[PDB]
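Chains as they are written, first to last, in the entry's author numbering: chain C, 2 to 209; chain T, 1 to 126; chain Y, 2 to 130; chain E, 38 to 263; chain X, 1 to 82.
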Amino acid sequence: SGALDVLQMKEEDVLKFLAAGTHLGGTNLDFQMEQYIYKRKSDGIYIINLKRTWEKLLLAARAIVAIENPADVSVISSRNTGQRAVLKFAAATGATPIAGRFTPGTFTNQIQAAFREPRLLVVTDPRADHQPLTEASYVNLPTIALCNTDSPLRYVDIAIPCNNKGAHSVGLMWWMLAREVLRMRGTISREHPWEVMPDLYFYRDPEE
Amino acid sequence: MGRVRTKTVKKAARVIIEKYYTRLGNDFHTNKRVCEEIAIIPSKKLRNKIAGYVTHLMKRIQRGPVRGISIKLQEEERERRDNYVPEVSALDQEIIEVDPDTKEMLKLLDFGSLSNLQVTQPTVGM
Amino acid sequence: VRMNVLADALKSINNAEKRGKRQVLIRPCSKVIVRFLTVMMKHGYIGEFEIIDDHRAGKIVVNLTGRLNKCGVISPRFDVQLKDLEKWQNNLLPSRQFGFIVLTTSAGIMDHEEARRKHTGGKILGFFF
Amino acid sequence: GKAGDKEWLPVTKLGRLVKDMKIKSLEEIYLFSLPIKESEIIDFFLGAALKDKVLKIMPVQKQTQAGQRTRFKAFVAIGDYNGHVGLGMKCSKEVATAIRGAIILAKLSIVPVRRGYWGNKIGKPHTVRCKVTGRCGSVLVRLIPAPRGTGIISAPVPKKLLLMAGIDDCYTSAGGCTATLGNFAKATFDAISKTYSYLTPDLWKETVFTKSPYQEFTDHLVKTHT
Amino acid sequence: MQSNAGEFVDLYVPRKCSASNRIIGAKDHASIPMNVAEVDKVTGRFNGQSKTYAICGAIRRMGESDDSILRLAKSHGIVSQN
Numbered sequence: 002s003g004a005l006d007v008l009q010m011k012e013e014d015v016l017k018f019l020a021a022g023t024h025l026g027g028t029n030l031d032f033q034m035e036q037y038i039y040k041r042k043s044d045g046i047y048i049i050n051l052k053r054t055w056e057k058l059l060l061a062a063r064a065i066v067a068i069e070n071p072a073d074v075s076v077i078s079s080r081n082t083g084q085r086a087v088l089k090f091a092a093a094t095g096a097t098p099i100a101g102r103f104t105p106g107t108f109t110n111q112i113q114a115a116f117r118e119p120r121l122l123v124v125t126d127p128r129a130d131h132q133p134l135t136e137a138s139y140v141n142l143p144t145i146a147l148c149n150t151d152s153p154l155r156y157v158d159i160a161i162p163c164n165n166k167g168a169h170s171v172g173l174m175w176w177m178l179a180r181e182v183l184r185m186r187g188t189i190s191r192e193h194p195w196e197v198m199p200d201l202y203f204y205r206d207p208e209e
Numbered sequence: 001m002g003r004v005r006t007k008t009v010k011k012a013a014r015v016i017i018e019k020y021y022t023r024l025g026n027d028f029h030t031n032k033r034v035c036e037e038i039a040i041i042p043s044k045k046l047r048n049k050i051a052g053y054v055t056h057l058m059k060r061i062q063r064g065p066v067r068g069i070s071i072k073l074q075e076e077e078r079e080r081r082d083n084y085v086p087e088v089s090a091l092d093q094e095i096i097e098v099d100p101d102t103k104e105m106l107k108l109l110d111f112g113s114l115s116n117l118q119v120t121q122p123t124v125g126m
Numbered sequence: 002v003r004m005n006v007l008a009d010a011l012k013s014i015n016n017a018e019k020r021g022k023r024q025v026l027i028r029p030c031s032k033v034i035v036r037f038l039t040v041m042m043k044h045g046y047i048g049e050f051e052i053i054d055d056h057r058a059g060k061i062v063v064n065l066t067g068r069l070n071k072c073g074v075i076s077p078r079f080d081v082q083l084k085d086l087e088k089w090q091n092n093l094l095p096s097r098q099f100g101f102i103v104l105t106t107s108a109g110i111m112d113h114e115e116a117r118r119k120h121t122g123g124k125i126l127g128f129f130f
Numbered sequence: 038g039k040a041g042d043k044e045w046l047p048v049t050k051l052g053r054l055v056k057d058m059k060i061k062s063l064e065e066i067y068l069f070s071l072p073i074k075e076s077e078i079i080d081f082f083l084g085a086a087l088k089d090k091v092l093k094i095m096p097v098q099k100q101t102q103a104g105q106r107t108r109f110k111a112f113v114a115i116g117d118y119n120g121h122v123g124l125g126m127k128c129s130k131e132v133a134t135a136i137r138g139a140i141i142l143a144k145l146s147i148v149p150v151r152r153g154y155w156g157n158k159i160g161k162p163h164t165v166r167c168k169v170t171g172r173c174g175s176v177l178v179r180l181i182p183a184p185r186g187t188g189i190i191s192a193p194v195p196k197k198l199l200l201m202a203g204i205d206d207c208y209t210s211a212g213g214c215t216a217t218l219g220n221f222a223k224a225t226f227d228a229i230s231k232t233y234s235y236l237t238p239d240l241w242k243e244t245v246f247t248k249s250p251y252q253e254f255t256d257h258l259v260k261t262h263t
Numbered sequence: 001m002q003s004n005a006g007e008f009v010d011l012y013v014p015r016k017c018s019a020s021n022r023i024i025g026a027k028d029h030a031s032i033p034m035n036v037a038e039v040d041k042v043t044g045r046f047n048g049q050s051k052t053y054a055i056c057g058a059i060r061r062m063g064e065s066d067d068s069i070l071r072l073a074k075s076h077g078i079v080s081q082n
């Protein structure tokens, strides 16, 4: 980075990452996903580094800020875990959520009453939301997403590594993303702790 | 028997239960007379069918949601769970437990706080 | 085997450029290959290159940009006589405004635009554009 | 009078900047390589120099248990002589409708061509930038540059397209079947397209980069606008 | 392109992507410019002038873009050590 400590790692957030198990990562690698891994464990787990997570969070977020009108940075997730997360995301920062089954042809059509035309996309898990990704390259959208350690990289301009096999790893990462964009664009910045909880960005989950 | 309801019935049945949710009983005869009054029905026989399905929907909707049809009070409770579920805030007891070479990563993050350990066993699979 | 050293070199740089690589590895080095790549660098189709040394035949590493399109070899090595030149120069170049067929003369290795100003023909080696 | 007009209301973002008039040339669109989806955009900047030349009206037909069933498939070229040309094919059950369907599809696919000089400059280009090719299913064309006043030397089919492009002088060479003209014309169209995608030593100077028309004019795209 | 007349011919000069130093078309719909917003880097707040990049559809569709965007940004901000 280059800012003094106000765009660099904080002692607090390290604890939150490790409590939510984001550092742990799946038992497979790609030829593009080996530049964020450090090494393997005794176990089949492959340990994502959090330094490498932190830088990628920032320039990803700075691009989300750069649009003049935030009302067309369309977020998407279809897996259950990333549903509750995206809804709070797009409430907090001006965005348009697309929860559940995508319904393809959304941006390709001209005649469709659910037609959209955003600029950016922020997708959870490339290999569950493959339909909008393929469709991104017909309308010249930049793309950002959360990769595991083995998700295919293709139509992903920038990645933000994560564990993302569920748990608290999903909701935590979307919460952190929303923290950063408000520090930069808004006036929420104070470098002293944000009021909003990462708790209500987690999965609803079958209740008591 | 035979006979599965047509699409004209199931399509309009959904509309009629949605916007007059609080005007339905769980009796055939009451729900029949209501449909005649709140809307035109081009026949009598058609009315007697659409009423009976409107009734059949209203039974299940009081046991939770049926997909493609959203009443107000369910979308209320949806929001009420989504602004905060009743369950506690905590992440997840405010203590981190680490293993060898997770600690090694943390050295290379240039931090070191709240040490714990659990020692792992060789080897993957067997 | 490897009966033509120059022919095996250039195909690498052709394949590599297509994928978008900007570092490559070419072997074996020969002095002939050095002066070839020198001419290709001056005009500005490729960047600086490093000769690793062994005690066998060397290896070379190159820094290149997307400016290169296609460098070929011509096997066998024909003669040119400065009226045969024009017949050649039509066939190997996509334009009259750019591209350089290379050759060797008794006045050393050079492009065709330069060879015509020395007024000496010679043996043709390859081409590029 | 007693009759208004109302023509075109855009439902597309790109269409909205043109109708409100902030984009003022096709060259802006192409530089960002934006999709075009509405056929009025192209016909607003141009449409004051676009001609059509119906190449062939070809039958095709499938088989069913009641006999034949015939559809008419027509190819229609389109282009101004200033260097924008396009091409489209379309089929329909009836003839006239298929032709008019093709004139729409052809407007959508319009592209620019890059012209150059034989070897010495004297102003106003007249030939193809460099020796290029284009293949479509084992038909190909090899557009080769030519000096002034030699005209277009080609078969009748590509002589249409190249003439519409405004390319004055050219030599061509074909390979393989050319009696199946649907391939042949698409292969010509392929060749002329590649001209701007061919890198030349001219273009080695660095491009400045500038913000998108969508980006700069975003304040007019949000008020009630699409 | 410039003639001997000084006439600056050619309809437009096309943009050249920084991904691999080659030029995109005019109907390539996978070629994206992506604008990153700079910050002051003293407090972490938006400051005017954007850094804009451009990437070709060819390297994108094979999936090389993730490295390219990183490498471009690594020589500037807001990554300087990764």
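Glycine is no exception: its CB is placed at the ideal position from the N, C-alpha and C atoms.
Distances from the alpha-carbon of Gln252(E) to those of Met1(X), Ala26(X), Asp66(X), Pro33(X) put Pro33(X) closest. In this structure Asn48(T) is exposed. Its beta-carbon is surrounded by fewer than 16 other beta-carbon atoms within 10 angstroms. Collapsing the DSSP output to three states places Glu76(T) in a helix. Secondary structure of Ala93(C) (DSSP, three-state): helix.
The beta carbon of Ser210(E) sits closer than 8 Å to those of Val178, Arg179, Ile181, all from its chain and outside the five residues before and after it, given in chain order. At least one CB of chain X lies nearer than 8 Å to the CB of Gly21(Y). Inter-segment contact for the region 13 to 28 of chain T and the region 38 to 54 of chain T is present: three or more beta-carbon pairs are separated by less than 8 Å.
Identification of residues in the region 134 to 160 of chain E having a C-beta nearer than 9 Å to some C-beta of chain X yields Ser146, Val148, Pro149, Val150, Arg151, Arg152, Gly153, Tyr154, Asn157, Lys158, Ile159, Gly160, given in sequence order. In this structure, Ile14(Y) lies near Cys72(Y), with their beta-carbon atoms less than 8 Å apart. Identification of residues in the region 102 to 129 of chain E having a C-beta nearer than 7 Å to some C-beta of chain X yields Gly120, given in sequence order.
A contact between stretches requires three or more CB pairs, one per stretch, nearer than 8 Å, and the region 148 to 166 of chain E meets this requirement with the region 2 to 9 of chain X. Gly2(T) sits in coil when the DSSP states are folded into three classes, being neither helix nor strand. Three or more beta-carbon pairs separated by less than 8 Å are not found between the region 81 to 90 of chain T and the region 6 to 13 of chain C, which leaves the two stretches without contact.
Interface with chain E (8 Å Cβ-Cβ cutoff): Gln98(Y) is included. In its chain, beyond the 5 residues on either side, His24, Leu25, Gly26, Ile38, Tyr39, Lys40, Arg41, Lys42 have a beta carbon closer than 8 Å to the beta carbon of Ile48(C). Neighbours of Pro47(E) in chain C, taken as residues whose beta carbon is under 9 Å from its own, are absent, since the nearest beta carbon is some 10 Å off.
Beta-bridge partners assigned by DSSP to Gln105(E): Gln100(E). Contact between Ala168(C) and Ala21(C) holds: CB atoms are separated by about 7 Å, below the 8 Å threshold.
Nearest neighbour of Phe128(Y) by Cα position, chosen from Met4(Y), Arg3(Y), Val2(Y), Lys12(Y), turns out to be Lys12(Y). Per DSSP, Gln111(C) lies in no beta strand (DSSP E) segment and is marked neither H nor E. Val15(C) has a beta carbon lying within less than 8 Å of a beta carbon in chain T. Chain C places a beta carbon closer than 8 Å to that of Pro122(T), counting this residue as a contact.
Taking the CA atoms as reference points, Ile53(Y) sits about 16 Å from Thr39(Y). In terms of CA proximity to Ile112(C), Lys74(E) leads the group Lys196(E), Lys90(E), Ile115(E), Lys74(E). Under a 10 Å Cβ-count criterion, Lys17(C) is classified as buried, with 16 or more other Cβ atoms of the shown protein chains found around its own Cβ.
DSSP places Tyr251(E) in the helix class (H, G or I) of the three-state scheme.
Near chain E, meaning a CB-to-CB distance below 8 Å, the residues of the region 100 to 114 of chain C are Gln111. Looking at the backbone, the Cα of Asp158(C) and that of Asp42(E) are separated by about 46 Å.
Within its own chain, the residues whose Cβ lies closer than 6 Å to the Cβ of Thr121(Y), once the five positions on either side in sequence are excluded, are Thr106, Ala108, listed in chain order. Below 8 Å, too few C-beta pairs join the region 55 to 70 of chain X and the region 181 to 191 of chain C to call them touching: fewer than three. Judged by DSSP in its simplified three-state form, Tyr53(X) adopts strand.
At a cut-off of 8 Å between beta carbons, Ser234(E) contacts chain X. The beta-carbon separation of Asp101(T) and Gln118(T), rounded to 12 Å, does not stay under the 8 Å limit for a contact.
Cα atoms of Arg33(T) and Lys59(T): separation of roughly 18 Å, rounded to the nearest angstrom. Put simply, of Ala72(C), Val182(C), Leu154(C) the residue whose alpha carbon is nearest the alpha carbon of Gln33(C) is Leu154(C).
Taking CB atoms only, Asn29(C) has no neighbour in chain T less than 8 Å away.
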